[PDB]
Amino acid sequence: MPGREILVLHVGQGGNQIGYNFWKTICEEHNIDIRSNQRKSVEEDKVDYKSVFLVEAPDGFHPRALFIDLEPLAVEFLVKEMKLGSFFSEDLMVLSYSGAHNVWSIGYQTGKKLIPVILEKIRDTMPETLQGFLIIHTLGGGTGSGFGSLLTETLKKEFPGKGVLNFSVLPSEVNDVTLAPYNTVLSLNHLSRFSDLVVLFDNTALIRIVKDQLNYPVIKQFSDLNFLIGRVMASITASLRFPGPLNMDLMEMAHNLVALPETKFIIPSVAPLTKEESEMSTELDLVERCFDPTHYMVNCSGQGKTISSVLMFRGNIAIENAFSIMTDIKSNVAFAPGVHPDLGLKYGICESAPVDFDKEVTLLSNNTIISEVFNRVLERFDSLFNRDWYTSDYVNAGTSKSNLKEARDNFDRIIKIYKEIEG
């Protein structure tokens, strides 16, 4: 039955490198071989809804995706190294020849030139019942940040009534791009206006999880980091793709999360991280891990105060435990002062476990501690802007110093909304 289809837009180096892990997970969950485009078997094919992310053509399955960058190397090198040539196919690529040089404004203005072709591919490919778009991107560079922002604006304006969700990577605690505060503030200002829900990650938190929860001995490629983002993307959409007692769609989760129109910035977490612990944990233990800052995929100093939350239970779930632990969650986790004791929780329950695991819980948290995360971004921004450092090539590409300032001040207003709710 037509409907509920999603189109995924990958933007810049990080956004497309993350794409590899996402589509690899999606294919595996649906018993599809990403190298052949085919089901691995009829016998292991499951009752599912492949069409949420996958297009079934006579020849096989393809991603409902666009692979977008202003320079070609990250995508081409990725496609060759991972042998994705028949899945990340050429008609799905929108690649130019010179990057944005880590400047948001260059990503935004150069990206305008490619909007016609992107809109044409969208209207050429998508079904009428498309429910919305996911935009995958980093905020610290210039293409994912500026072109990603432009895409968020363009899609929301071109397709009112469809969802626009962003999966957005914040810079690490010490930034690895000195321009990142400018790019991050400009991006979050744009997404605050045009996105319906912004799910955030940062690399400090992701490395900590991989090193301390998975105990990987070394991280040699971003694939050994991005898999965590793929996992969050796949699990929160699982009840759209597999049977379950209690399903939920994109705007349903946003509606439950967004208490005030500006509070749309979400911290995700998942538990457990391994197959062995999924066999040896309870629903209570997994939820408590999700609410613990060790499992937050944004680097936070503490639990903060939860305004609202979405919990996806996947796999071999005792429904009576899922409900019975609700009072323990409301008692043991700090919620914002205005949250009623009986509120702040939204449940999805899906019978399909992630690959190899017995069960898994994913948490999306609308948490006041994002004000601390954003304040630290703002402090970095101010240390540059107050000295007029690095502003020249924003100005040359159409972002005036006044524009930088208004983006900063609107960013500050969102921070203050979260801090006021915190109490």
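Definition used throughout: the rigid core is the maximal C-alpha set that superposes within 1.5 Å between two forms. Counting begins at 1, following the sequence as shown.
Engineer: After superposing on the rigid core, which of 160-168 and 275-283 has its C-alpha atoms sitting farther from this form in 8 other deposited structures of this protein?
Structural biologist: Of 160-168 and 275-283, the stretch deviating more in 8 other deposited structures of this protein is 275-283.
Engineer: Say the other structures are aligned on the rigid core; which stretch then has the higher CA RMS in 8 other deposited structures of this protein, 41-49 or 390-398?
Structural biologist: Result of the core-fitted comparison in 8 other deposited structures of this protein: 41-49 deviates more.
Engineer: When the Cα temperature factors in the entry are averaged, is it 143-151 or 209-217 that ends up higher?
Structural biologist: The deposited B-factors put 209-217 ahead on the C-alpha mean.
Engineer: Quick check on the record: does 90-98 or 174-182 carry the larger mean Cα temperature factor?
Structural biologist: So the stretch with the higher mean C-alpha B-factor is 90-98.
Engineer: Which of these has the highest Cα B-factor in the record: 268, 344, 348, 161?
Structural biologist: Highest C-alpha B-factor among the listed residues goes to 161.
Engineer: By the CA temperature factor listed in this entry, which of these ranks top: 273, 197, 232, 200?
Structural biologist: Checking the PDB record, the top C-alpha B-factor among 273, 197, 232, 200 is at 273.
Engineer: When the deposited Cα B-factors of this chain's modelled residues are ordered and cut into thirds, is residue 392 in the lowest, the middle or the highest one?
Structural biologist: For residue 392, the deposited C-alpha B-factor lands in the middle third.
Engineer: Using the temperature factors of the C-alpha atoms in this entry, rank residue 278 within its chain: lowest, middle or highest third.
Structural biologist: According to the entry, residue 278 has a C-alpha B-factor in the chain's highest third.
Engineer: Sorting by Cα B-factor within the chain, modelled residues only, which third would residue 69 end up in: lowest, middle or highest?
Structural biologist: Ranked within chain, residue 69 CA B lands in the middle tercile.
Engineer: Based on the deposited C-alpha B factors for this chain, I'd like to know if residue 29 is in the lowest, middle or highest third.
Structural biologist: It falls in the bottom third of the chain.
Engineer: Is residue 62 in the lowest, middle or highest third of its chain when residues are ranked by C-alpha B-factor?
Structural biologist: Bottom third by C-alpha B-factor.
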